[PDB]
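Heads up: the structure comes next, in structure tokens.
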Amino acid sequence: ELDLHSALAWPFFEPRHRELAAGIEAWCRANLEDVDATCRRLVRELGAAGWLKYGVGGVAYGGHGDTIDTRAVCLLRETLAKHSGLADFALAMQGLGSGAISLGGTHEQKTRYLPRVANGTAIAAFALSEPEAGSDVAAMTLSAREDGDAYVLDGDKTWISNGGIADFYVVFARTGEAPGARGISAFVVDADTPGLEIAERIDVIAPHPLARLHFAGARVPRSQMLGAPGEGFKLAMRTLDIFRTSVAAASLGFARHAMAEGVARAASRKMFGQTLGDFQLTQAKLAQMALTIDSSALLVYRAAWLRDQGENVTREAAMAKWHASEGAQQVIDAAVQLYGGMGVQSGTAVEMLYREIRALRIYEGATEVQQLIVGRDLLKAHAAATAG
Amino acid sequence: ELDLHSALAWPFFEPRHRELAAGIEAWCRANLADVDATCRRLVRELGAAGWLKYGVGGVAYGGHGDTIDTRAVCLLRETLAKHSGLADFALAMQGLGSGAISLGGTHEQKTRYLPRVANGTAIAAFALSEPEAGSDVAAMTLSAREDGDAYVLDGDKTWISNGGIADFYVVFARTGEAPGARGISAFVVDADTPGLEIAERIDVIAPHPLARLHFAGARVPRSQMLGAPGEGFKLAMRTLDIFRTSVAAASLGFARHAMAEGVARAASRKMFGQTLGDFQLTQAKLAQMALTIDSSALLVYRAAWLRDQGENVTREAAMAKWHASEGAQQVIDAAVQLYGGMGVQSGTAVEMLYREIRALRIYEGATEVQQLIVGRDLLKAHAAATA
Amino acid sequence: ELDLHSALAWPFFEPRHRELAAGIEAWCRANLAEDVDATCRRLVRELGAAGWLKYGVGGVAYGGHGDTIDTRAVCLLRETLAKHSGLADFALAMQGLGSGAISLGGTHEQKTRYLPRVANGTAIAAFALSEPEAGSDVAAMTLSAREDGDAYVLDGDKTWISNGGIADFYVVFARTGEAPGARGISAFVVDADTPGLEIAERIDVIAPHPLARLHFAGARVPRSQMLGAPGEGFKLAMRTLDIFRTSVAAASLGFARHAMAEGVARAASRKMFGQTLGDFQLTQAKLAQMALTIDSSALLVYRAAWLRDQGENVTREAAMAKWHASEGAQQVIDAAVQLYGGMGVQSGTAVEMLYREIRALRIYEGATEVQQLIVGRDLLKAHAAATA
Amino acid sequence: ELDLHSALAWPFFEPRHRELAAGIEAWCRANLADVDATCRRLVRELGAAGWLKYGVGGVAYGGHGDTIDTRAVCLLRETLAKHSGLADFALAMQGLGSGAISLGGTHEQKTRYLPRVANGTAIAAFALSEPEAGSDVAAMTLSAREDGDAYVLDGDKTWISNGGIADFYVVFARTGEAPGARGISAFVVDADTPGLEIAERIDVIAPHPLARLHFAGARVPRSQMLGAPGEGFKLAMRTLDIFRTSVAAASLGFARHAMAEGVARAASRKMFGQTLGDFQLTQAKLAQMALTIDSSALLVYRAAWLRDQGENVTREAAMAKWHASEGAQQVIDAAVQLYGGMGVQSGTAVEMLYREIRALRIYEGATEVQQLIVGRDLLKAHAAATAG
Ligand SMILES: Cc1cc2nc3c(=O)[nH]c(=O)nc-3n(C[C@H](O)[C@H](O)[C@H](O)COP(=O)(O)OP(=O)(O)OC[C@H]3O[C@@H](n4cnc5c(N)ncnc54)[C@H](O)[C@@H]3O)c2cc1C
Ligand SMILES: Cc1cc2nc3c(=O)[nH]c(=O)nc-3n(C[C@H](O)[C@H](O)[C@H](O)COP(=O)(O)OP(=O)(O)OC[C@H]3O[C@@H](n4cnc5c(N)ncnc54)[C@H](O)[C@@H]3O)c2cc1C
Ligand SMILES: Cc1cc2nc3c(=O)[nH]c(=O)nc-3n(C[C@H](O)[C@H](O)[C@H](O)COP(=O)(O)OP(=O)(O)OC[C@H]3O[C@@H](n4cnc5c(N)ncnc54)[C@H](O)[C@@H]3O)c2cc1C
Ligand SMILES: Cc1cc2nc3c(=O)[nH]c(=O)nc-3n(C[C@H](O)[C@H](O)[C@H](O)COP(=O)(O)OP(=O)(O)OC[C@H]3O[C@@H](n4cnc5c(N)ncnc54)[C@H](O)[C@@H]3O)c2cc1C
Ligand SMILES: [Cl-]
Ligand SMILES: [Cl-]
Ligand SMILES: [Cl-]
Ligand SMILES: [Cl-]
């Protein structure tokens with residue numbers, strides 16, 4: 001029988017989502033110093049088990065449906081992150097790295113790339129950020145110069161997830177149709193493209209495959225452009241609008257792992273003639289952890305449910321990503337504190353979570369970017385109401 | 001056409017809730033455009049329009065349904081509070097003050113009291129707290145001594161909403177069957193009971209009808225007891241449980257009023273060659289206000305939806321009341337700041353909200369009590385899982 | 001014997017400050033055991049007769065305590081007064097703020113005419129800068145002052161004017177038009193009996209103090225009543241506010257100390273659940289945070305006051321003090337309200353009055369947000385100077 | 001000349017502290033441009049340069065003075081931490097690890113141990129915590145059984161800084177004179193004691209030498225006891241009371257490093273046609289970082305100055321340690337955020353600080369322990385005032 005106190009009972013969810021949640025949890029329980037090899041193995045395993053189909057749009061191209069089920073992608077990342085940051089990362093990048101193709105690819109492009117993404121035989125990547133511009137996407141400087149039937153790419157992308165091991169990169173570059181955000185085009189760039197160089201492998205506090213890409217006159221056929229020339233900025237933004245809610249879901253999963261560790265330690269740690277959990281400060285701290293988790297989860301699945309009605313979720317996805325990532329930091333930090341010295345011992349669950357969560361407040365748009373999106377949207381909506 | 005970005009589109013709501021939300025908003029616009037006199041008027045107007053029926057249980061007794069639709073009660077309080085703290089208070093007390101009769105009354109008691117509560121011709125009140133015992137209800141000292149066919153009541157209740165204007169008070173008193181929480185009984189005490197004295201009117205920062213009640217040997221018939229002797233504590237707690245999420249909903253309504261004031265002021269206040277809303281600090285503050293409101297609203301209506309499925313919501317309602325009241329304080333405080341000096345000018349919308357919100361963090365389970373409820377429940381659930 | 005754990009033992013203080021602190025506390029106990037106008041008039045007279053208004057006036061020859069203003073002394077006076085009575089603090093504060101522009105920029109005649117009467121409490125001072133459309137943005141004020149022979153003709157409105165309606169004179173800042181914006185403002189001492197000066201309305205705020213909107217209907221002000229040179233009024237206003245900025249922080253601190261005393265006493269005395277409120281961990285942690293905020297605020301206040309008294313500009317330090325003490329006092333007072341339960345919102349209890357009293361101190365004399373920007377800009381300015 | 005805006009100008013400091021601050025900064029620039037080997041080298045270098053003398057009490061035993069100059073130890077840790085967590089740790093443990101000997105040793109014990117601590121040829125350690133008892137010191141279970149002229153020690157200590165490389169351990173053990181906190185004695189245990197085993201080397205998120213010690217019937221001569229039997233708990237608490245303020249100082253130094261990184265990045269990072277520092281959110285963030293640093297520093301040096309008057313600082317040291325460690329976490333976290341993706345890049349200054357700070361909220365008494373110390377002290381002082 002359905003536990004009506006579980007979040008899966010919320011009417012944001014359909015029965016298929018409850019079955020999916022049980023299925024991915026069982027996969028995690030049964031299947032979960034070399035992050036490159038681990039990523040490759042996880043992509044293959046998740047692909048063979050069918051879990052990468054949810055991040056791809058189009059049944060003809062290997063997707064679960066013709067739309068991307070945001071609630072499903074979120075439940076997958078939430079459950080994976082609750083067990084393994086590496087497994088979450090692997091599934092996430094098959095979505096984010098292929099999303100621009102689901103959204104904007106031709107028939108040939110969707111046929112060539114999406115089935116292999118969906119079955120885990122091609123590793124995807126999303127190459128937007130640059131050393132000098134991550135938040136300020138509209139001012140990117142990687143250039144794409146038209147030369148006959150190809151574009152010639154020159155410059156650098158960096159912080160690129162799966163960099164060095166991806167089979168292709170969706171690359172955004174300045175083609176120059178108009179200034180700023182109106183001068184960008186999107187390309188699918190196969191990893192074996194001559195002139196695409198892995199300039200540096202990047203180490204971060206919670207290790208994942210990351211690289212700086214240097215484009216040294218790399219030639220990309222015009223037929224590899226996603227969408228129309230100069231329409232690449234909106235494609236990047238629309239791809240991020242899908243998967244920002246999934247970053248919120250991963251944050252939530254990390255927080256749920258910390259919550260489980262924290263309540264177990266509160267119950268088991270004997271001190272002062274009782275247990276840690278018998279103290280009011282512990283009870284109030286656990287309560288706030290749980291409150292943050294429930295508010296995060298409600299925001300995540302409100303946004304995912306809304307996108308699954310066919311609606312734009314620029315505001316609601318930003319809210320979810322902001323709240324869940326900032327909140328998960330607080331939950332994880334509290335769980336570290338409950339563990340005392342063991343909370344900073346290398347390789348304990350909460351020590352790993354303390355490292356894992358920090359980047360989620362930065363990638364797919366930093367917290368401060370999300371806040372300004374929401375604040376600007378509030379004033380835009382008020383101005384529209386005043387007009388009418 | 002349903003705006004799919006509106007909270008009313010959430011699947012926590014049924015079609016009847018969307019119709020109700022439009023109806024109570026229309027009533028507010030038509031009717032909210034001497035505190036005791038205002039409350040009396042509001043109760044009668046809400047009653048005549050049908051809005052007090054939602055807080056009464058039992059169609060036979062004037063209620064909207066045989067169960068209380070807590071999503072409906074929440075939407076009513078949220079909408080009323082967004083327009084007027086007094087209007088929210090008037091509806092809220094008709095619910096809280098009669099809830100113990102809906103839960104525990106006999107057929108005669110329900111017939112005698114609930115139809116007049118539901119049509120706004122009897123003002124209800126809930127008399128639990130005492131000068132020395134508010135949070136610690138189990139230690140109350142108001143005594144009820146059995147004497148023939150009546151009980152004799154001696155002692156004080158205080159902080160009693162609608163004190164002095166109520167037509168009856170649901171009074172919880174120690175009958176002494178067992179120590180502490182096991183020795184309390186509940187009574188419906190008519191305002192005209194000899195020995196029931198309105199001892200002092202209480203002034204609070206957001207003025208509402210409030211009084212200290214002194215019981216000077218007030219004789220209450222045994223047939224006015226609600227439930228069995230010694231079962232009054234559970235009745236008080238279950239009555240408060242009905243309306244807990246609706247206190248969160250009122251907080252949310254106050255926050256939404258503050259948000260509307262803040263956004264409008266940010267857009268309209270010219271300064272430094274632009275508007276206040278053009279500054280990043282303003283945009284970030286407005287964004288946090290909106291985030292707090294959406295998280296509060298989701299917590300309120302998750303809890304209300306869950307209770308309406310027939311489930312106990314100890315943890316979820318505590319989360320809603322805690323988050324919405326603490327969050328509304330923050331939203332209101334930010335709106336005061338956006339208004340500058342006008343934010344503390346008496347009678348401006350945001351100055352009134354700054355006063356109105358403060359008590360909601362204190363009554364019906366102070367924030368600190370809500371934290372402990374949630375924390376203890378987390379540990380209880382973990383113990384059950386590991387057993 | 002000096003209690004070495006008391007803040008007055010800090011080496012930020014000199015012996016004279018310890019003596020003053022005892023004196024003003026004694027005065028409060030003897031004199032501070034409805035009709036706000038009459039109360040303020042009485043408090044100004046009593047503070048004046050006791051010698052306490054001399055510390056906010058510059059120049060021994062003009063009734064001041066010293067030829068410079070002893071900021072540490074003014075802070076201790078406001079801190080102590082506010083700890084007992086918001087009205088008494090207000091009375092002393094406005095004798096300083098309302099006369100500071102004369103201490104700074106008056107001629108010998110102007111200082112002799114006004115400052116001795118401010119210092120002995122026989123003239124109530126006021127500072128008229130803000131306007132309905134220009135509070136934070138002082139440089140855009142629109143009250144006009146037109147030269148006409150031996151006088152200036154003033155037209156327009158000031159508002160939120162403390163002591164408005166009961167002041168004997170107003171230091172008014174008006175646009176004389178020598179140059180745009182902040183460079184076209186002049187300052188005038190305007191006696192309350194000036195024909196054309198009208199009390200347009202009395203203003204009611206949440207913690208009632210005498211306040212008014214002033215309307216100037218062609219008020220002719222003698223040219224000899226100008227403070228400083230034409231067009232130099234803006235810097236005079238800013239320097240006048242600068243004198244007393246730390247003292248607003250000190251008042252905030254005094255309100256917080258009152259709330260702290262109320263909270264600890266209630267925690268100790270309120271019986272509940274077979275013990276006292278103070279026996280609960282949440283109460284102990286809350287009291288501890290109140291005390292931490294108070295000590296941090298006090299250290300920031302008197303660091304800034306000590307530094308100014310060394311002859312140094314304290315742009316960053318005074319902004320930090322006013323920001324931290326006012327925001328922190330709000331938190332301390334809010335926690336004390338919570339400890340009192342229903343009594344915390346009962347009209348006229350100590351903590352209910354403090355909840356109303358503190359709110360405006362975060363808004364006037366540079367709102368919190370303005371203080372944050374002052375500090376942030378100064379950090380960047382100092383960094384630029386270091387790397388130049 | 002003395003920059004009067006510098007914290008070193010505060011009257012909490014004497015001229016010798018300003019010269020010491022300059023001297024240790026110069027040492028850092030000249031010397032900090034295998035973790036076990038690194039710590040051994042740092043202890044030797046700091047000892048040879050004279051900097052370990054400040055943590056030792058008694059001129060006859062190699063100390064700088066007959067008292068421990070708290071302000072000096074704090075300035076040393078603050079400056080070292082601002083450059084290197086390893087160097088801070090090395091100096092800190094020469095203090096904490098020998099403090100019980102400075103406080104409670106006989107002439108013979110001080111002569112044997114302190115001169116080599118002070119010149120860096122003996123590495124000290126403080127062995128109090130146990131796997132089952134860290135916060136709840138009074139319930140420790142390591143047993144010391146008297147047997148002739150020696151005590152036989154059995155059990156484990158853990159989280160022991162310098163474990164595995166220390167030359168001696170000050171070990172607190174239950175001798176059983178009375179229950180709980182009244183049954184503990186202190187011993188100096190040479191590292192070569194038979195029956196003392198380094199059972200496990202411990203890895204933490206910011207690596208420092210750490211071990212679990214196992215005592216398997218280790219015979220410790222009675223002459224190695226510090227103080228009287230059963231008086232060991234107070235000796236442990238008094239040792240922590242000295243150095244808790246120095247943990248606050250180290251926290252402050254880490255925060256100052258993060259502040260320097262953050263303001264530099266704000267000034268240099270171009271974005272959106274300007275720099276990161278031109279945005280209000282950045283200015284307010286930097287302002288709050290600076291406010292937290294100044295309030296932390298004021299609390300640190302108020303506590304250090306007060307202890308250096310000969311006064312107990314249980315409340316003031318707890319306040320400093322709590323505020324500075326929690327505040328430094330916030331400052332460092334903000335600096336990570338300002339750096340974007342580079343903020344989590346391994347080995348960058350701010351990424352290292354994010355790992356370094358986390359343990360300081362846990363060791364020498366967790367934040368929650370400090371809050372309860374302060375809260376209980378407020379109620380104790382109120383009860384004493386009521387009684388008087
Ligand atoms: C582990 C990891 C994985 C990543 N994966 C990918 C990937 O696969 N593909 C990819 O393209 N990128 C990826 N990124 C890069 C990431 O998207 C960027 O780091 C991020 O967008 C921030 O850009 P930045 O590092 O250049 O920081 P900056 O743009 O320099 O921003 C620095 C800080 O400034 C603040 N800020 C930003 N804008 C404003 C503003 N307008 N006003 C005020 N404050 C502001 C924010 O706090 C921000 O963190 C990844 C990063 C990490 C750490
Ligand atoms: C405007 C208003 C209307 C009200 N209306 C009614 C009404 O109609 N009927 C009625 O019966 N009552 C009513 N009340 C009273 C209200 O229920 C009580 O004020 C409330 O229960 C708190 O009791 P108290 O005031 O005695 O505070 P106390 O019991 O003294 O509690 C003081 C504070 O202690 C803290 N605290 C409490 N328990 C714990 C704990 N276990 N651990 C740690 N901290 C704790 C909380 O912060 C609390 O605010 C109203 C109150 C107000 C202000
Ligand atoms: C009780 C009281 C007494 C007063 N006494 C006096 C007196 O005696 N004399 C006198 O001349 N004035 C006095 N004032 C007026 C006071 O100085 C102004 O209220 C204050 O300067 C704010 O101006 P404002 O009200 O017009 O708000 P606004 O200028 O409209 O500002 C509204 C809000 O905008 C925000 N803000 C401001 N600037 C920025 C910015 N650059 N970036 C981002 N956010 C920003 C702040 O949060 C501010 O509160 C008093 C006010 C009060 C409430
Ligand atoms: C890097 C590092 C270096 C260290 N160096 C040394 C050293 O050299 N020597 C040494 O003896 N020890 C050392 N320690 C151990 C350290 O002092 C302990 O970890 C610390 O005292 C916490 O004890 P614990 O780990 O057993 O946590 P616990 O005692 O289990 O406490 C867990 C958490 O409970 C909370 N808590 C504690 N008491 C209460 C209470 N009464 N009420 C409510 N909440 C409470 C706190 O948040 C605490 O963090 C070090 C630890 C680290 C991480
Ligand atoms: Cl389905
Ligand atoms: Cl319906
Ligand atoms: Cl002196
Ligand atoms: Cl000296």
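To be explicit about the labels: the chains of the structure tokens are called A, B, and onward in the order shown, and within each one the residues are counted from 1, while ligands get numbers from 1 in the order they are shown.
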Expected answer as a ChimeraX atom specification: alpha helix (DSSP H) residues in segment 167-320 of chain C: /C:233-269,281-309,315-320
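Proximal residues of ligand 5 are residues 14, 15 and 16 of chain A, by a cut-off of 7 Å on only C-alpha atoms and all ligand atoms.
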I need the contact residues of chain C against chain D, so if you could list those with any atom within 7 Å, counting only C-alpha atoms, and return them as a PyMOL selection string, that would help. chain C and resi 11-12+264+284-285+287-288+292+296+299-300+320+372-373+375-377+380
Selection file, N, CA, C and O atoms, as a short mmCIF file (atom, residue, chain, number, x, y, z; two decimals), in the first residue's frame:
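Printed below is part_32.cif as written:
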data_model
loop_
_atom_site.label_atom_id
_atom_site.label_comp_id
_atom_site.auth_asym_id
_atom_site.auth_seq_id
_atom_site.Cartn_x
_atom_site.Cartn_y
_atom_site.Cartn_z
N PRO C 11 39.89 48.82 26.77
CA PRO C 11 40.79 49.96 26.60
C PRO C 11 40.35 50.93 25.53
O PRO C 11 41.04 51.94 25.30
N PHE C 12 39.24 50.67 24.85
CA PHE C 12 38.59 51.68 24.04
C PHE C 12 38.11 52.86 24.88
O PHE C 12 37.86 53.93 24.33
N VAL C 264 16.54 37.27 29.69
CA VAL C 264 17.18 36.39 30.67
C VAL C 264 16.33 36.31 31.94
O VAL C 264 16.21 35.23 32.53
N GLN C 284 18.58 28.42 26.16
CA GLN C 284 19.98 28.73 26.44
C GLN C 284 20.73 29.14 25.18
O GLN C 284 21.53 30.09 25.21
N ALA C 285 20.49 28.44 24.07
CA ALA C 285 21.15 28.79 22.82
C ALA C 285 20.68 30.15 22.32
O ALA C 285 21.48 30.93 21.76
N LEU C 287 19.49 32.71 24.19
CA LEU C 287 20.11 33.70 25.05
C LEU C 287 21.58 33.89 24.68
O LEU C 287 22.07 35.03 24.65
N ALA C 288 22.28 32.79 24.39
CA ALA C 288 23.69 32.90 24.03
C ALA C 288 23.87 33.72 22.76
O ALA C 288 24.78 34.55 22.67
N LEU C 292 25.94 37.15 22.20
CA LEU C 292 26.99 37.25 21.19
C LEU C 292 26.75 38.45 20.28
O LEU C 292 27.66 39.24 20.00
N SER C 296 29.30 41.64 20.00
CA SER C 296 29.82 42.03 18.69
C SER C 296 29.42 43.46 18.35
O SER C 296 30.24 44.27 17.89
N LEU C 299 31.38 45.97 20.59
CA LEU C 299 32.76 46.11 20.13
C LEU C 299 32.83 46.95 18.86
O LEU C 299 33.72 47.79 18.72
N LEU C 300 31.91 46.73 17.91
CA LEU C 300 31.93 47.52 16.68
C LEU C 300 31.61 48.99 16.96
O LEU C 300 32.22 49.88 16.37
N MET C 320 29.72 49.99 9.48
CA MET C 320 29.65 48.64 10.05
C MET C 320 28.90 48.65 11.37
O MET C 320 28.07 47.77 11.63
N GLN C 372 25.58 48.71 3.66
CA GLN C 372 26.28 47.61 3.00
C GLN C 372 27.05 48.11 1.78
O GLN C 372 28.19 47.71 1.55
N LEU C 373 26.43 48.99 0.99
CA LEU C 373 27.10 49.49 -0.20
C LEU C 373 28.27 50.39 0.16
O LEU C 373 29.31 50.34 -0.50
N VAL C 375 30.21 50.12 2.79
CA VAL C 375 31.31 49.25 3.20
C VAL C 375 31.90 48.53 1.99
O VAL C 375 33.12 48.47 1.82
N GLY C 376 31.05 47.97 1.13
CA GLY C 376 31.55 47.24 -0.03
C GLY C 376 32.36 48.11 -0.97
O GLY C 376 33.45 47.72 -1.42
N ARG C 377 31.84 49.29 -1.30
CA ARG C 377 32.60 50.22 -2.13
C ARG C 377 33.92 50.59 -1.48
O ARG C 377 34.94 50.74 -2.17
N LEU C 380 36.56 47.90 -2.00
CA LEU C 380 37.10 47.92 -3.35
C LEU C 380 37.99 49.13 -3.58
O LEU C 380 39.02 49.03 -4.27
#
Just need the residues of chain B within 9 Å of chain D, counting only C-alpha atoms, so spit them out as a ChimeraX atom specification. /B:279-281,284
Residues as selected, N, CA, C and O atoms, written as an mmCIF file, in the first residue's frame, can you do that?
data_model
loop_
_atom_site.group_PDB
_atom_site.id
_atom_site.type_symbol
_atom_site.label_atom_id
_atom_site.label_comp_id
_atom_site.auth_asym_id
_atom_site.auth_seq_id
_atom_site.Cartn_x
_atom_site.Cartn_y
_atom_site.Cartn_z
ATOM 1 N N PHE B 279 17.675 48.199 -8.855
ATOM 2 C CA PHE B 279 18.858 47.829 -8.096
ATOM 3 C C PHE B 279 18.878 46.336 -7.799
ATOM 4 O O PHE B 279 17.850 45.746 -7.444
ATOM 5 N N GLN B 280 20.067 45.737 -7.921
ATOM 6 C CA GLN B 280 20.222 44.305 -7.665
ATOM 7 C C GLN B 280 19.742 43.912 -6.281
ATOM 8 O O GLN B 280 19.141 42.845 -6.116
ATOM 9 N N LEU B 281 20.076 44.701 -5.256
ATOM 10 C CA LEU B 281 19.654 44.317 -3.910
ATOM 11 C C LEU B 281 18.142 44.188 -3.837
ATOM 12 O O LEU B 281 17.615 43.293 -3.161
ATOM 13 N N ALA B 284 17.045 40.966 -5.690
ATOM 14 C CA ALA B 284 17.335 39.758 -4.917
ATOM 15 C C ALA B 284 16.398 39.625 -3.726
ATOM 16 O O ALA B 284 15.984 38.513 -3.376
#
So that each row is one residue of chain A with an atom at most 9 Å from ligand 4, can you give its shortest atom pair and the distance in Å to one decimal, using only C-alpha atoms and all ligand atoms, rows by chain and rising number, as JSON lines?
{"residue": "A:265", "atom": "CA", "partner": "ligand 4", "partner_atom_place_in_ligand_line": "30 (O)", "distance": 8.6}
{"residue": "A:266", "atom": "CA", "partner": "ligand 4", "partner_atom_place_in_ligand_line": "34 (O)", "distance": 8.2}
{"residue": "A:269", "atom": "CA", "partner": "ligand 4", "partner_atom_place_in_ligand_line": "30 (O)", "distance": 6.2}
{"residue": "A:270", "atom": "CA", "partner": "ligand 4", "partner_atom_place_in_ligand_line": "30 (O)", "distance": 7.5}
{"residue": "A:271", "atom": "CA", "partner": "ligand 4", "partner_atom_place_in_ligand_line": "29 (O)", "distance": 6.8}
{"residue": "A:272", "atom": "CA", "partner": "ligand 4", "partner_atom_place_in_ligand_line": "41 (N)", "distance": 7.0}
{"residue": "A:276", "atom": "CA", "partner": "ligand 4", "partner_atom_place_in_ligand_line": "34 (O)", "distance": 6.2}
{"residue": "A:277", "atom": "CA", "partner": "ligand 4", "partner_atom_place_in_ligand_line": "43 (C)", "distance": 8.2}
{"residue": "A:278", "atom": "CA", "partner": "ligand 4", "partner_atom_place_in_ligand_line": "43 (C)", "distance": 8.5}
{"residue": "A:279", "atom": "CA", "partner": "ligand 4", "partner_atom_place_in_ligand_line": "43 (C)", "distance": 5.4}
{"residue": "A:280", "atom": "CA", "partner": "ligand 4", "partner_atom_place_in_ligand_line": "43 (C)", "distance": 7.1}
{"residue": "A:281", "atom": "CA", "partner": "ligand 4", "partner_atom_place_in_ligand_line": "43 (C)", "distance": 5.4}
{"residue": "A:282", "atom": "CA", "partner": "ligand 4", "partner_atom_place_in_ligand_line": "44 (N)", "distance": 5.8}
{"residue": "A:334", "atom": "CA", "partner": "ligand 4", "partner_atom_place_in_ligand_line": "47 (O)", "distance": 8.2}
{"residue": "A:336", "atom": "CA", "partner": "ligand 4", "partner_atom_place_in_ligand_line": "49 (O)", "distance": 7.9}
{"residue": "A:337", "atom": "CA", "partner": "ligand 4", "partner_atom_place_in_ligand_line": "49 (O)", "distance": 4.7}
{"residue": "A:338", "atom": "CA", "partner": "ligand 4", "partner_atom_place_in_ligand_line": "33 (C)", "distance": 4.3}
{"residue": "A:339", "atom": "CA", "partner": "ligand 4", "partner_atom_place_in_ligand_line": "32 (C)", "distance": 5.0}
{"residue": "A:340", "atom": "CA", "partner": "ligand 4", "partner_atom_place_in_ligand_line": "27 (O)", "distance": 3.7}
{"residue": "A:341", "atom": "CA", "partner": "ligand 4", "partner_atom_place_in_ligand_line": "19 (O)", "distance": 3.6}
{"residue": "A:342", "atom": "CA", "partner": "ligand 4", "partner_atom_place_in_ligand_line": "25 (O)", "distance": 5.9}
{"residue": "A:343", "atom": "CA", "partner": "ligand 4", "partner_atom_place_in_ligand_line": "53 (C)", "distance": 7.6}
{"residue": "A:344", "atom": "CA", "partner": "ligand 4", "partner_atom_place_in_ligand_line": "53 (C)", "distance": 6.1}
{"residue": "A:345", "atom": "CA", "partner": "ligand 4", "partner_atom_place_in_ligand_line": "53 (C)", "distance": 7.2}
Test item: residues at most 8 Å from segment 188-204 of chain A, only C-alpha atoms, excluding those fewer than 5 positions along its chain, as a PyMOL selection string: (chain A and resi 159+163-164+166-171+209-220+224-226) or (chain D and resi 344-346)
If you run DSSP on this backbone, which residues of segment 165-331 of chain D come out as strand (DSSP E or B), and could you give them as a PyMOL selection string? chain D and resi 168-174+184-190+196-201+204+210-221+225-226+231+270-271+274-275
As a quick test: using only C-alpha atoms and all ligand atoms, which residues lie no more than 6 Å away from ligand 2? Give them as number ranges by chain. B: 126-129, 133-136, 159-161, 359, 362-364, 366, 368-369; C: 280, 282-283, 338-343
Near residue 292 of chain A, counting only C-alpha atoms, which residues have an atom at most 9 Å away, once you skip same-chain residues fewer than 2 positions from it, shown as number ranges by chain? A: 255, 287-290, 294-297, 323-324, 327-328, 330-331
Using only C-alpha atoms, which chain A residues lie at most 6 Å away from chain B, written as a PyMOL selection string? chain A and resi 11+283-284+286-287+295+371+374-375
Any residue with an atom at most 12 Å from ligand 8 counts, using only C-alpha atoms and all ligand atoms. Which are they? Put them as an NGL selection string. :D and (11-20 or 69 or 72)
Got a sec to pull out which chain D residues are within 7 Å of chain A, counting only C-alpha atoms, and send them as number ranges by chain? D: 136, 203-205, 271-272, 340-341, 344-346, 359, 362
Surrounding residues as a ChimeraX atom specification, ligand 6, max 6 Å, only C-alpha atoms and all ligand atoms: /B:14-16
Can you tell me, as JSON, numbers by chain, what residues are no more than 7 Å from segment 39-42 of chain A when counting only C-alpha atoms, ignoring any on the same chain fewer than 5 positions away? {"A": [86, 87, 90]}
Skipping near chain neighbours, those fewer than 4 positions away, what residues fall within 10 Å of segment 108-121 of chain B using only C-alpha atoms, listed as a PyMOL selection string? chain B and resi 40-64+90-91+93-95+97-104+167-168+188+223-226
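Around residue 330 of chain C, within 10 Å and counting only C-alpha atoms, the residues found are residues 252, 253, 255, 256, 259, 324, 325, 326, 327, 333, 334, 335, 336, 354, 355, 356, 357, 358, 359, 361 and 362 of chain C, once anything fewer than 3 positions away on its own chain is removed.
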